[PDB]
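Residue numbers (full-length UniProt numbering), protein chains in the order written: chain D, 550 to 732; chain L, 184 to 366; chain B, 4 to 732; chain W, 4 to 732.
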Amino acid sequence: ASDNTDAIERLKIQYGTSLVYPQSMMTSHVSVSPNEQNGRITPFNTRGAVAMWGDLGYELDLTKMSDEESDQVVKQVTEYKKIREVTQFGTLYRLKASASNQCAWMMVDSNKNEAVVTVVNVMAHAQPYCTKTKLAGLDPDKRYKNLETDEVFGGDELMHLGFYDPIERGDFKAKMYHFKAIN
Amino acid sequence: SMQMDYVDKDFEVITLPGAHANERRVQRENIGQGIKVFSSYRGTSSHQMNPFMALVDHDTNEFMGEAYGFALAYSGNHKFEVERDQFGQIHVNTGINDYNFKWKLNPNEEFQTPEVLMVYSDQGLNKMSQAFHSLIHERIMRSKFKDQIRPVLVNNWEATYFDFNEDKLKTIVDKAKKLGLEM
Amino acid sequence: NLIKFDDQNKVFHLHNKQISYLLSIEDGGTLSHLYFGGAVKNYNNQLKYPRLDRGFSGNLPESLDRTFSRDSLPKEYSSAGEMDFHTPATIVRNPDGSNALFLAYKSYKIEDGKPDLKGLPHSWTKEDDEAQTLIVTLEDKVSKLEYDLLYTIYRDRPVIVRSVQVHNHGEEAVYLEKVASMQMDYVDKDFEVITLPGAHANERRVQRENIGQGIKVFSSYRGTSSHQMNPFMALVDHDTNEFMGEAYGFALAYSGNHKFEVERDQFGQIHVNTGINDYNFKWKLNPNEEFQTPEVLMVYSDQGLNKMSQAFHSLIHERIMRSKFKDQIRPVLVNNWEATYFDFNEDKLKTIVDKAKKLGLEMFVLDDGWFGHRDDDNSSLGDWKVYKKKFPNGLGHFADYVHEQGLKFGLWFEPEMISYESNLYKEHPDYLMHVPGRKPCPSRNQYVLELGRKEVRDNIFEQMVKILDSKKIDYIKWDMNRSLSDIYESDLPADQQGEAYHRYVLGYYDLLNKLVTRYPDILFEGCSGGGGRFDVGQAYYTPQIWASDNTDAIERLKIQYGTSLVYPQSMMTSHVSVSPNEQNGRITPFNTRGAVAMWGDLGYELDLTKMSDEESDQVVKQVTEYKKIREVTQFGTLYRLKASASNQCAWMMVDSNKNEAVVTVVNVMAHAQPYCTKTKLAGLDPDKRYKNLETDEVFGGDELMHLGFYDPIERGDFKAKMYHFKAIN
Amino acid sequence: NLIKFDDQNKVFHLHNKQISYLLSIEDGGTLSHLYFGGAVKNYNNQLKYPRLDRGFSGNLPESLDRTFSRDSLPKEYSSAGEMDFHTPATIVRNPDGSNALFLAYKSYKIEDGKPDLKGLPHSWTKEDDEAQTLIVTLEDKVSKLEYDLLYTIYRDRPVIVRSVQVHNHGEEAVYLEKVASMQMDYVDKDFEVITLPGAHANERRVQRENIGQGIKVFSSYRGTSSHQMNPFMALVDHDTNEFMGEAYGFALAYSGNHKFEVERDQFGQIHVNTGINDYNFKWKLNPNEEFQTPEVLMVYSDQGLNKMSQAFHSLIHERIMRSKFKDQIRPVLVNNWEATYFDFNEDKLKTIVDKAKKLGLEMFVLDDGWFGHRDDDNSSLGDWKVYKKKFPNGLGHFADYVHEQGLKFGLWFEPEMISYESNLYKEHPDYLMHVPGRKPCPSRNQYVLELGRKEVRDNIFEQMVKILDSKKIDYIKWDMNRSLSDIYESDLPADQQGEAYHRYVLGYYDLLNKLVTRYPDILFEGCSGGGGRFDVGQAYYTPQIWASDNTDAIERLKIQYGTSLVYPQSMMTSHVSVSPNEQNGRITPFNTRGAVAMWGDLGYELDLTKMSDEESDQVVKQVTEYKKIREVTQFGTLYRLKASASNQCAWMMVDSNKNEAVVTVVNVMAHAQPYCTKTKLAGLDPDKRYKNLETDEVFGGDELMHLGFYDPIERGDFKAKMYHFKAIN
Ligand SMILES: [Pt+2]
Ligand SMILES: [Pt+2]
Ligand SMILES: [Pt+2]
Ligand SMILES: [Pt+2]
Ligand SMILES: [Pt+2]
Ligand SMILES: [Pt+2]
Ligand SMILES: [Pt+2]
Ligand SMILES: [Pt+2]
Ligand SMILES: [Pt+2]
Ligand SMILES: [Pt+2]
Ligand SMILES: [Pt+2]
Ligand SMILES: [Pt+2]
Ligand SMILES: [Pt+2]
Ligand SMILES: [Pt+2]
Ligand SMILES: [Pt+2]
Ligand SMILES: [Pt+2]
Ligand SMILES: [Pt+2]
Ligand SMILES: [Pt+2]
Ligand SMILES: [Pt+2]
Ligand SMILES: [Pt+2]
Ligand SMILES: [Pt+2]
Ligand SMILES: [Pt+2]
Ligand SMILES: [Pt+2]
């Protein structure tokens, strides 16, 4: 998609790219920090999450990685392998554009049984406004389990009430959600 | 490849300008009397202006409102022209850029233009993008891999640049295997 | 099953197939607002407000938990003295001189239907099964006050209705310096705000603003809902228009002083209050007494302003207006005001009546100047006896004549007012509202009556009964031509003078309710130098209102456009008037004055007498074609199509079965090199086929809505065209 | 001779070389606003308000002329009860219970200089000849109240200062329910309005809005001027910016509840009130008493916001600030708060003192935690005696140590506050502001003192004097860490509880004035959880104020930018803090934190003893360089060049001779593919030649202002660059 592999600048690039092109058609790699192209310092988790929008790769010297990072990779990859059928090939919905201070998107499988959501916060403030993220592409009448929390919400809930984004300190943070329809 | 003329439409136009390491930011403008030109002379479709354009209502967003999408199926010089004329009418051409273009058509020969994909959405940009995504993925892409999960790969470029040889790479291969990478 | 309480999570849920309203009981019994919008089947705590220690946002009494604060929480209500620094919903003055009130959740009840509001207009139910009302009770354990918060939801409307009732259960009196009808707090919403400001002869333009940090106030201190700012407000998404997007409408059912407050705070939250203006408001609530606020109508739309408006139209018309005339077609009338002013007599009237009958007009309204010695606006208000010089044989004689010609008869009154030069002021000087010892300010050289007092109200009521009891008046135009400036009620203790504004309105409601109740077969039309009192509370009594003294076709476009944002079109009257316009001097085609006056209930305000046979015929042609469409134009679903600012204003009405549509398209300025424009319709059935009754061509509803049709190119300014579509078989 | 009265047309004209302010006496002795802006030599009645009969705009008592109306006239002031429906400058409550007031011109005086305001901060003069005050008196003949409106114009400033004094010349008491310091009415002006909203750790972002019909309110109920809305407002043309276009600035010299009201009315006119907030304000004015309002500083700029800000900066610094330190270079100090919080004792501090000396710092300020038994923020407020366990040899021992190391010594107090866990509360529980019978609301787990009571103030004053009389304390940081929530003054009668808010501010000002006058050699730095009380009033007492608890380099950019809108940079303090930043987690270059902190009065707030050699020498460098430029940075004419939304924030200072300029440019976000940017300068002499002291290259003032220079392209977020130019010969 771009020689620019900064997590943050990639947000707008991948966002615009998604305007026309399916996400399976763009590739995104977790690169080093500070970023080689612009010098930005970003969380490893953020680089991962942004790079899971496209086809995930790694472009950095795996042998010069810290144990902390080696296992970060092992985690990212292992989790990506669980969700990539939905992230790579699901109906894509853009939720928030980076100018809002958040960029958020999500993928839903063809049956509306599975959805993967990502929310990225750009700038932090000493005194943050509360934000909600609302979803799209779900079935109003199905019931979805947050696989992390085990709590369950109707598709109508997730589309109308949405949920509070967790308030975190620090620039460039990401959070990811995986919902699955139950019986 | 096509021309389209609207009467009594107050559109804004969305394109995807950018640069190297800075591709495809969404841009959205008013359409004034005169000709707005989005194009490339670079012999490629280019970093600086993607061969795509959308016409939307002033109130259209990601979830609501009408949008016309135009995508040129061509990887060389393109020219998108958007003209509001003396009578308020909006006139749109798209095709191979005419800059240093002059094709000798001899008797009994033919000339085929690239085609342009036109998409109409009645409910926002997401829906529009989604029809491009579907058409591209299902009726344009011919790769046998198009419906296959893409491998989680490691590319050595930002890792070692030219500074590498075989043994250096093998060690990266070994770290890759341990991390769960596929390519 | 419209309203549920979850005693486990302490969440109240009002919902039907359209809307959901969610509120909860937070820490320290604080009533929190969770959500209002599209319906959801369930709630699972996801909107629980985030806990964060926010600098200078203080905490519950005795609490050690700094992460929870009534200054940051989104709430259903608020008061002074609770550690909250938004503009509070309610402010109470205690005997010790403090303004402290701390309301905590006490209990709730869920009832069928909705309770009546004493002394006040309100929406209602026909069948109890059609609505439920949640009443949450908050209390202050110390002063022992109890606030009842009412929430009504109808089964089939996207409407929540709110009001407040305050109860003093203590040993001593307390003063209410402010009690809002509702508060609503939003989180993470970026809204624009729509209001309808104006002036006399210039009512209710649509204004749309961004909301910045601070407090935006829209209000009236005039003692009336007013020409300057209608008691309406909507919060909308930046992208919302007539046809798409979120919109929240708020309509206060009150005719006095209102205050809408929209506040974005330090945390980007949006705080909204609405109720009686607290300007010079101070209600003495004695032990064991109660205070009921006017109610507010809340509409949620998920598809643009037209839909919002229509829900308001339907509610007002079906569940508020009580007039037996509300479902009945309104007479094409002629009013002698602009036509002759005070210049008239029983025999010149008869000539107007005669011309009216010939033009097919259905009613004749007699305007100002028939009573007292009313030869101009400098005397006689308060003397509601026939002016014999002008009706030698008495008014009943003249009314009989009108009825002979086959026309209904209408009469103008201004019962709230009094002139220095009147028999009333000579007999009862103290009936005139002033501050004892201060010369009151005149307005149109008249003054206001102390309607707060029963004896004043009784006097007017009996004068009017003397006129009306023989049932020769079929119609009353109740006018009101000045604001209140000298605020006092002479029979009240000094410490109750803060009750004068609200008492005036209550007294106005009492008197008006009496007359309307006593003469149910009289068509009441409200008036206040135009639409100076055009509100939902007025609808309850009078089914139609004179929209504006401005009768210019072109300026009525935005006045009527704006009015239709809240009020059904059958509630606004519009009259074909003379050109050049009396108010602004504009020159307009007679057909255009017609077309614009057919949006409201058609009438005429021009000297039928001095009229050529040549244009008399245009009037016959207008009246005739109006009788053809008026069932649809008056009561069909209304869709605004284009606003004046576009250089075109367009609107249409569609009947309930979507078989008939009437469309009007008015062009404002002509251009030497004009752009082609198209008009597309709305509210049709995609699968029906409609015949244009003028050309006989037939089009599908899908065609009429997607494709539209070209507006004909015409030379000249201020031009109109009408369309009539009927579904075929 | 700056003030003239033309007794022919009844017009007052205040003028100098820069500005004219015209007001007139209109029909019914109505004080009318004509004009404020660029100076004009004469006036010839060309702004007499047009007469027109406007519907529902009533007229003067006893008047027959309907074309004149206090409801449409642009005025210098207004009250409830005069047939005006704008929001009134003043509302009075009379014994009869009414809110009637009808002010009419009575008399005027002209004095040299300007009067001191009793109990209040205010602008003043050194020489009488530098100002004239016009005082116009208006009277209600019935209530016998007299309103004095003061207007002061300085000979050499684009400023008018207004305030009000109310006199009760009657027999009975009256209540002032609202009294604004000024009202200003514009005709045919399309303004936008700029204010400085914010929150704790997020003060004073610039905000700029359209003005719609209705009332926009910027205010505070917190008992302080507040974090959330600074008491300042500016009206500008749509096209006005930092360098061009007209701007009206309004700054209220008051540190309590303020209310700024901005109303566009039904006739397009813009109506502005400013003064003490009227929320729970009700002042009992007995016979023969007077009431003085704070004054408001009005500035007119014909050429952009910088020029406007510059006139505020000059006036505040030269004719408001009284500190003997106001013209003295401020010390480069280290404050231990973010360094150690409460976790410290004497020896820990001494080591910080030692590191300070080595780094070139000039002052050590001991922050919260040194007193009572203050181990955290849950106790001890009110106990202003040293905490033995931490300073076993007393506080003077430690102060002696700081002085022996060559540093000045500073000390933190929070004189207004009390904890439940204190000896003060155990000995005088009634000193705690609350409404008797109600548990008061905690904030940061503390409560407010009843500062309206002399005996309360005396107690704190005597406590602090014990400590300060040693003269070992060279500097005081006066903090104040919560808003007022429970409004009561236990010594006032019930009917006087509406005086609590304002009395508190009077008490505050009185206590502060006492201390500041008694210790003229102590540098006082104001603070209120950061910039929670950052106003022109405060400036009169404390020559510098801690701008914000937010010490992130990046967020401080917008905070300091907005602050600079009104306040001189020497009046705000900025400290280099740790990274990641304690308040928001942002990671910033050390150099960037320095550069941003050199905009205000430079300090350090981080554990100097835990610094890396790399950083120790960074500090040594910063301090050494700051000491070279601080005369220009602290006291030069300030010019803002770029606002952070551009992705750069840039500013600069120029000395009074235009011989020396210090410029700073900060880039927020980095991009892989950067656009080239130029920075152009301001405030230089076009004809002088300036040397870049870093590069030794020389450029004309014209060059630097017109060509500017390229900003260097750097990778990485949050970078700063600094320039120092000096005129050569
Ligand atoms: Pt993830
Ligand atoms: Pt930000
Ligand atoms: Pt949805
Ligand atoms: Pt939905
Ligand atoms: Pt839904
Ligand atoms: Pt839609
Ligand atoms: Pt739409
Ligand atoms: Pt929905
Ligand atoms: Pt929408
Ligand atoms: Pt035009
Ligand atoms: Pt339709
Ligand atoms: Pt349709
Ligand atoms: Pt359709
Ligand atoms: Pt017609
Ligand atoms: Pt000038
Ligand atoms: Pt200029
Ligand atoms: Pt200008
Ligand atoms: Pt520097
Ligand atoms: Pt950027
Ligand atoms: Pt940023
Ligand atoms: Pt310059
Ligand atoms: Pt210059
Ligand atoms: Pt120049």
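Note that the Cβ used here is the ideal one computed from N, Cα and C, for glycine as well.
Collapsed DSSP secondary structure at B:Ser-493 in the structure displayed: coil
Secondary structure of D:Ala-648, DSSP reduced to three states: helix
Identity of the residue in W:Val-182, W:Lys-630, W:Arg-377, W:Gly-529 nearest W:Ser-82 by Cα: W:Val-182
Limits of the unbroken beta strand (DSSP E) element including B:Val-671: For B:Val-671, there is no enclosing beta strand (DSSP E), since its DSSP letter is neither H nor E.
Neighbourhood of L:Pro-334 by C-beta, 6 Å cutoff - its chain only, sequence neighbours within 5 removed: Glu-365, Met-366
Residue-level contact to chain L via CB, W:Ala-675, 8 Å cutoff: Yes, W:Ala-675 counts as interfacial toward chain L.
Terminal residues of the beta strand (DSSP E) in which residue 3 of chain W lies: Outside the modelled stretch of chain W, which goes from 4 to 732, sits residue 3 of chain W, for which no answer is possible.
For W:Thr-545 and residue 734 of chain W, the rounded distance between their alpha carbons: Only positions 4 to 732 of chain W appear in the structure, and residue 734 of chain W is not among them; the question remains open.
Short Cβ contact (8 Å threshold) for W:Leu-238 with W:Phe-194: If you check the CB distance, W:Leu-238 and W:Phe-194 come in under 8 Å.
heavy atom of ligand 15 below 7 Å from B:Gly-588 C-beta: It does not: the Cβ of B:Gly-588 is nowhere closer than 7 Å to a heavy atom of ligand 15.
Proximity test, Cβ basis, 8 Å: D:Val-701 and chain B: yes
Contact test: W:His-674 Cβ vs ligand 19 heavy atom, cutoff 7 Å: In this structure, W:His-674 has its beta carbon less than 7 Å from a heavy atom of ligand 19.
Alpha carbon of D:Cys-679 to alpha carbon of W:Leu-515, nearest angstrom: 38 Å
Neighbour flag for D:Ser-580 against chain L, beta carbons, 8 Å: yes
Cβ of B:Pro-161 within 8 Å of any chain D Cβ: no
Every unbroken beta strand (DSSP E) inside the stretch 393-461 of chain B [3 residues or more]: 411-416
Residues, ordered as in the chain, of the stretch 662-690 of chain B that lie near chain L by beta-carbon distance below 8 Å: Those residues of the stretch 662-690 of chain B that come within reach of chain L (Cβ to Cβ, closer than 8 Å) are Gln-676, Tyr-678, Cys-679, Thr-680, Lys-681.
DSSP bridge partner residues for B:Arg-536 (one or two, in chain order): Note: B:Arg-536 sits in no beta bridge, so no partner.
Euclidean distance between Cα positions of L:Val-356 and W:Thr-576: 55 Å
Any non-hydrogen atom of ligand 21 closer than 7 Å to W:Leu-26 Cβ: no
At least 3 beta-carbon pairs within less than 8 Å: the stretch 681-697 of chain D vs the stretch 566-582 of chain D: Contact between the stretch 681-697 of chain D and the stretch 566-582 of chain D is absent, because fewer than three Cβ pairs lie under 8 Å.
Residue(s) in a DSSP beta bridge with W:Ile-218: B:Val-220, W:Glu-266
Residues bridged to W:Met-366 [DSSP beta-bridge criterion]: W:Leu-336, W:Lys-411
Where L:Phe-253 sits in the DSSP three-state scheme: strand
Proximity below 8 Å, CB of B:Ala-664 to CB of B:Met-656: yes
Contact under 8 Å by Cβ, B:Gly-259 with B:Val-508: yes
Sheet register partners of B:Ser-577 (DSSP bridge): B:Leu-605
Neighbour list for D:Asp-555 in chain W, Cβ cutoff strictly below 7 Å: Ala-675
Cβ-heavy atom distance, W:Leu-687 to ligand 21, below 7 Å: yes
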